[PDB]
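Here are two versions of the same chain, shown separately as structure tokens and labelled structure 1 and structure 2.
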Structure 1
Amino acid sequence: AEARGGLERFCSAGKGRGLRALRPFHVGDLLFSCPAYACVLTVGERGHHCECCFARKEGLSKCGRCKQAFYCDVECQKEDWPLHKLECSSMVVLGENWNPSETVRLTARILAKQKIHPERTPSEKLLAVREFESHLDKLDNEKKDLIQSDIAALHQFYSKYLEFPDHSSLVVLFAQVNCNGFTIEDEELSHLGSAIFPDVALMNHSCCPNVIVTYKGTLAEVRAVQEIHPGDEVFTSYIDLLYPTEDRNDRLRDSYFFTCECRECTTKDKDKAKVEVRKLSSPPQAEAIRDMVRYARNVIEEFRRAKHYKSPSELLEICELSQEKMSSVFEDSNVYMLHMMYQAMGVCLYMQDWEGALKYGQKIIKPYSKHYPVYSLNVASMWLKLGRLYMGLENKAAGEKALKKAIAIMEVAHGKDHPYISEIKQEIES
């Protein structure tokens, strides 16, 4: 009997361990599904999604003690209790002074899971959490310093409720979480939480992936976006594919300690249109383009480093100011311009500026369709946000066509039967 039908763990030369197909997979086929080994709902989604299964529901039942955890019913409340009990009493005593980061909360859950279930779980048929790479020999002082900060926050918020292995074991575990952890996003790509999917973490990266990972609650699903032939390695993308090769590889080296050698990284075919420049009387020289690219990459890094504390109004002003400055060299289709429009659209949605959000979406969609792969979650989500804006602004004709473009991608990535597709189809009917 096969551990996972038509698939196998294997050794990928120069890429450690990986996943290979044994039988052919065609576009849209489900390779495998993997239940979360551990997961945690993001703080911002408390009250809107079930803390246990991540279901989006109205009328979730709150925990009577803390009144901070919300569930579908008592069954989801009972399932989550071994994890929620580590935080319940702490959330009552300490107010909003109880603030461990998402990584610290997820790691506390892995520690609790390892204690009760030391054997391999149904989520570890190919790769177990204990086998995860950590790359501790490669970590920079900054990443080593964040691991130590996370360990101290783990003792501070969980010492009374969890028994810890030694410090070295905690350094290994937080390093494994950084290298193998996932984030779960909804149908609009909004962040829902963090999770460990050991069998999904076995797949190596490519910027030309042959699979896409989607979520059905906290169940990860892996679907083919091209033919996967017997003997082919199964590759997913670890990062956002919008960016030029250099940006992608600096991100990959920083978080995963490797340089990608996929076809896109080798040919660099899409870089020219990704860094589109405007046709001026001049036009811009290499040095002026390099200066604006360096500037944009720094704004993106700064936006990333300050995300947690900056208000949506401060986030909007930076976007508008950066877009205005870059527009002297860059075309609107340039990825750095798209970065600011996407963030700025995000703020328009937050402040219920539906018309402002739509004007941004209208400019992002065509360049997104060109820059991303043919089957892209980013492209499907953008068509979906566009469609929802149009429907809300009474443009049923434009909304329906935009929702159908989303559905066409989602049928391949999420499967034809996904609840997201059923929800979108219901929105078309009403």
Structure 2
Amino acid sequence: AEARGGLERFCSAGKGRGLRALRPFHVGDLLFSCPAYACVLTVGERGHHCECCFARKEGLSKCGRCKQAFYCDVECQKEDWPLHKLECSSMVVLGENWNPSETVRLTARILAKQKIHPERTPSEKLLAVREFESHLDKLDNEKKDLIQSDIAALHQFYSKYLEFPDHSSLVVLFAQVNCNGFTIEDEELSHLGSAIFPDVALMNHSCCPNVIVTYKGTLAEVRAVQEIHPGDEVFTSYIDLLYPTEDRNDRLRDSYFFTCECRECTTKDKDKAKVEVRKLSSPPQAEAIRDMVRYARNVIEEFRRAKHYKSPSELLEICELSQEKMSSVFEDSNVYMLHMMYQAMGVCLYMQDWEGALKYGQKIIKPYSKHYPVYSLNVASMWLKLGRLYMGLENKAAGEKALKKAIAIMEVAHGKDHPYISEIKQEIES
């Protein structure tokens, strides 16, 4: 018998172990699904999504003791209890002082799961957590310090409720989480939480992926976005494909310890349109473009840092400031301009500035459609957010057209029967 029908684990030369198709898969076909081995809901979503299954529901029943964990029903509460019990009492005693990072909370759950079920689970038919690559030999000083900081935080927040393996085993585990972890995003690409999907972790990376990972609660689903021929390796993208080749590879080396050699990374064809410059009298010299690229990659970091000391209103100004400055060199379609417009849209949405968010959305959509693949969750989510803004702003004609563009991509990536599709169709009707 086949562990996963039409697929097998194999040795991909220069890429360790990988996933291969045995039979053809065509666009929109489901290769496999994988329940979460461990998952944790992001703090920001407490009271809005079930802590166990991540369902977005009104009227979630809360935990009687800590009054902090929220659930669909007693069944979700019971499934989560082995994990929630590690935090419940600590959240009662320490208030806002109990703040382990999301990665630390996830790793605590993996430790709890490993102890109870040493044998392979249904989320490990092809690759087990114990087999995950860690790359300890490639970790630099800063990366080693970060893991050590995470281990101290784990002892700090869980020592009273969780027994630990030796320090070296914890180092290996946090390192495995870094190169095999997933984040779960909703239909608008909002961050819901972090998870471990061992069989999904088997797939190698390509900047030209042939599959897309989506979620049905905490169940990961893998669907083909191009034909996958018998014998082909199955590739997902580990990163945001919007960025130029150098940016993507700096991210792949930093988190996954490899340099990509895919067709897009070899030819760099998309880089010209991604770093688009404006047609002026001059025009911009290569040195001046390099300076704006460096300014752009720094403002990305400036914005992230500013979240700690600046108000949303101020963060919006950083985005406004940057766009104005970069526009002397950069076209609106330039990816660095889009990064700032996207961040500005999120701030607008947060400050209830529906109109400001809609104007940003209207500028992002066309360049997103060009830069991203045909089936991209980033493009689908942008059409959806645009559709929802128009619908909310009493423009049903433009709203319906945008929601329909989102559904058409989502039918491929999420499957025609996905609950997100039914939800959007119910928004078109009512």
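The term rigid core refers to the most C-alpha atoms you can superpose between the two forms while keeping them within 1.5 Å. Here, a residue number simply tells you its place in the sequence of structure 1, counted from 1.
- Core-based superposition between the two structures shows that, of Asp291, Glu75, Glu301, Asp186, only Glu301 has its Cα displaced by 2 Å or more.
- Core-superposed comparison between the two structures: CA of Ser168 displaced by less than 2 Å.
- With a cut-off of 2 Å and the rigid core superposed, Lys310 has a Cα displacement that reaches or exceeds the cut-off between the two structures.
- Its Cα shifted by 0.5 Å between the two structures, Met326 is reported here after superposition on the rigid core.
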